[PDB]
Structures are given as C-alpha cells and as structure tokens.
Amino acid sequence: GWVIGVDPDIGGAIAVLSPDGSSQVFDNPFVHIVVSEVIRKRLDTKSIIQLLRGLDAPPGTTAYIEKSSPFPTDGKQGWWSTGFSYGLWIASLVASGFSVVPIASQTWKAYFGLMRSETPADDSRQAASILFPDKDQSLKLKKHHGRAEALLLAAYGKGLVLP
C-alpha cells in the first residue's frame, strides 16, 4: 500500500507512494539561522512535523530513511549536521505515526544497479524519472537529486523494479 521515503539532508526530500501508484515528493523545509556570526541552513522542525501531519499516508506506514554515514574525512560540523538531521527526521516520523526503517545508501544503490557511477546524482534522477515518469518535470535540475533519492528510497521499500 503506502510507502514513505526520506533523504534527510538539508537539500533532501520526502516522497510518499500511494497504493494506486501515484506519488508525491516534497523538498525538505529549511530556515536560515545565525551560528557563530555566519548564516547556516537548517531543517525547519515545525514545517516538517506539519508536513507529516497532513499526509494521507495512514499510521503505521513505513518510512525508509537513509542511514547517516558521514565519512571520516568529513569535518565535525558535517558529522553534527548529519547527526542532527537524522534525529530530527526520525523523531518526527515516529511522533507522526510512522514506523521508521533505516536503509544504507549502498543497499538501495545496489538494488537499482547504481553502484560506482562517474555521475551518481545524474543517474539517480534518471532512475527516478523512469520509475516515476509523472515526476519527470520535477527532476530536470541537478539540485533535484534529493527528490530522486527520496523517491528511490520509497521505490526500494515498495519493491518496484526498473524496466
């Protein structure tokens, strides 16, 4: 029936799949805030929970979320942000009725044959264009790869297959 997918980073997205094969994809809401006298983007907690409140996806729907796995060479702020986005999303999903399943990036990439691309984000939008043709206008820009990975997470949880 219903499946949710969540790419939790700042330019990520949430995707909702209906039993009737239709789909929705939403950019992660954010706000600009002051930290250490500079501007920083940060996920908008209250918009997120409101967004999840207005989904038609019923309670107990599974949400597939990408596991945070920051690289050891990433700085400590990157580690903080991936940690923070993960917790903010997971708690929002659990608080809104949804059962949360963390999926590693290698898993859903392996399942759609996306391993070791020269241009991994481009391929993601292509694969997601093919699984969700009606979302093809929403995947034209390079910054739309977050919408694609949300869709691909949901498509993975749903068990969809590429042609």
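Numbering starts at 1 and follows the sequence shown.
- Query: Can you tell me which stretch has the higher mean Cα B-factor, 100-108 or 115-123?
  - Reply: Mean C-alpha B-factor is greater for 115-123.
- Message: Ranking every modelled residue in this chain by its Cα temperature factor as given in the entry, which third contains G1?
- Response: Highest third - that is where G1 ends up once the chain's C-alpha B-factors are sorted.
- Compare the C-alpha B factor of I10 with those of the other modelled residues in its chain, then answer lowest, middle or highest third. Middle third of the chain for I10's C-alpha B-factor.
- Lowest, middle or highest third: where is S129 by C-alpha B factor in its chain? Middle third by C-alpha B-factor.
- Message: What third of the chain does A95 rank in for C-alpha temperature factor, lowest, middle or highest?
- Response: Tercile = middle for this residue's CA B-factor.
- Query: Can you tell me which third, lowest, middle or highest, the CA B-factor of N28 falls into for its chain?
  - Reply: Tercile = lowest for this residue's CA B-factor.
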